[PDB]
Structure formats: structure tokens, C-alpha cells
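Quick setup: one chain, the form deposited in one PDB entry, written in C-alpha cells, and binding and motion questions come after.
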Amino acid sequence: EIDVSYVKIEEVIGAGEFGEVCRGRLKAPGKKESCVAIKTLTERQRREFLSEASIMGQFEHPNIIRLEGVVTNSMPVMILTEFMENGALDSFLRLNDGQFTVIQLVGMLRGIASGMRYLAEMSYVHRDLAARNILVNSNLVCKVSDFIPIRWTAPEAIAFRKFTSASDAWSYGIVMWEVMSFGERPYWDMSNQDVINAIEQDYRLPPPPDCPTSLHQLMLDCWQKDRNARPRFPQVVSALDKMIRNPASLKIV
């Protein structure tokens, strides 16, 4: 896939499941140099590592992390993607607590919803939609990555392992809550089991401080117990676009 001579690993920036995550530079003949994220790396686990690239490589969308390639004929085995300068959304927001406007936050949520709209249209169920799995670039563009998280997971998917695009819509509501709360943990210190019982007993997360009521209502819609009643991702995007068109709507809190 990618000639190893074309890759320069600069800084180690994080740690992943199978190894490091690094910032680097990719320069191939005919093409300008670009900034890349690089994951570096059991046999079964090697295919486990590389599967992420194969899935990621099925997708082409501005709100889904772009795969540049892999290094496999050489060692260490690598996966290269575009570089997202601002990292994971939950930590980026915690660092920037209170510092982005409602309209900026809605833009981030819209980018995430578009990503999910695309994946649902491709019949791809994510199963692990959470702000930690959303990456942010220098322009604040949010992209879905990562190809049972109890507090993000729909009640039926927990009970039955029924993962659908409608269970993803539940998870997206949780992401909305995370974004509007600037990266607070869903259900704070409640335990997984407490969360499981709380939801079954009709508890839902309250509006975050300063959260427009219309955004909280959209969260409640995403968290309907009847999965068929939840908005599909096209309706989610359209709702968010409506709010962007009509920012007046967002002042009610």
C-alpha cells in the first residue's frame, strides 16, 4: 500500500489498543507532502489491527476519517490517516469549556450527524458512537472514527445485542449531550448498572447548563424507548440545519 520511505514519524501523541498513535508526514511522488496520523503495531491481532483500515477504506465522506494507507509488507505495521489537529472531541471541549458558541457547537453536531447519515445510508452500524470517537480538525470539523459502552448504548441493544442505525441514533443523542456539556461524562458517577436501571425506569439526562431547549428535545427524541420512534439520521441533520437557518430558535433555554 504505502512505501515506508514515504513516511516520517514525528511526535508520539497518544496510545492506542495495539500501540502508539503518532503525528507524521506523508510524501509520495507526484503529490504534495501532507500531515498524517500514524498508528504503529500476534497474527490474529495484526488482522485485528488492520481490519480498521479495511473498514475505514470503504468510506469517503468529509465527516468520516480519511484513510491514506497502510504499511504491511514492512514492520512495524502502520495505518495512516489524515491528521486531526485538535484530537478527540470530549477532551478538546473539556479544554475549551464554555469557550465556543451554541452555533459553533451545533455545527460540530451537524458534521457528526452527516457522518452518521452516510454510515446509515451505507448500512454500517457504528455501535460505539461517543464524543471520544469523534476527531476534530483545525477548522473545527468533526469526523467519525473507530471502525458494550453502556452509557452510550440503546436500551434494546444492551438487553438484546440488537445494534441498528436506530441504536446509533440513541448514541448520537448522548454525543449531543456530551458536546452541549463540554465533555462531561454521561450520567456522571452513576454506575453502568444504575444507568441501565435508570433508563429502563424512564430517567433521561437533563438539559446541560445553557443548552437550548430545542437541542435537548432532539436529545429526548433520540432517547425514545421505541427505537422506531427515534429520528433517522437524515431527519437529525435536517433538524440541525433548521436551527442553523433560524438561530432565534436556539435562544430559548
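Think of the rigid core as the biggest set of C-alphas that the two forms share within 1.5 Å after superposition. All residue numbers are counted from 1 along the displayed sequence. Only residues modelled in both forms are compared.
This next part talks about the form deposited in another entry, which is not shown.
A.B. asks: Is the shift of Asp241 between the shown form and the other one large enough to count as movement, that is, does its C-alpha move by 2 Å or more after the core is superposed?
C.D. replies: No, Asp241 moves less than 2 Å.
A.B. asks: Tell me whether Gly19 is among the residues that move between the shown form and the other one (Cα shift of 2 angstroms or more, core superposed).
C.D. replies: Shift at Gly19: 2 Å or more after core fit.
A.B. asks: Please check if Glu33 moves between the shown form and the other one, taking a CA shift of 2 Å or more relative to the superposed core as movement.
C.D. replies: It does shift by 2 Å or more.
A.B. asks: With the rigid core superposed, can you list, in sequence order, the 3+ residue stretches whose C-alpha atoms all shift 2 Å or more between the shown form and the other one?
C.D. replies: After superposition, residues 10 to 20, 29 to 33, 42 to 49 shift as runs.
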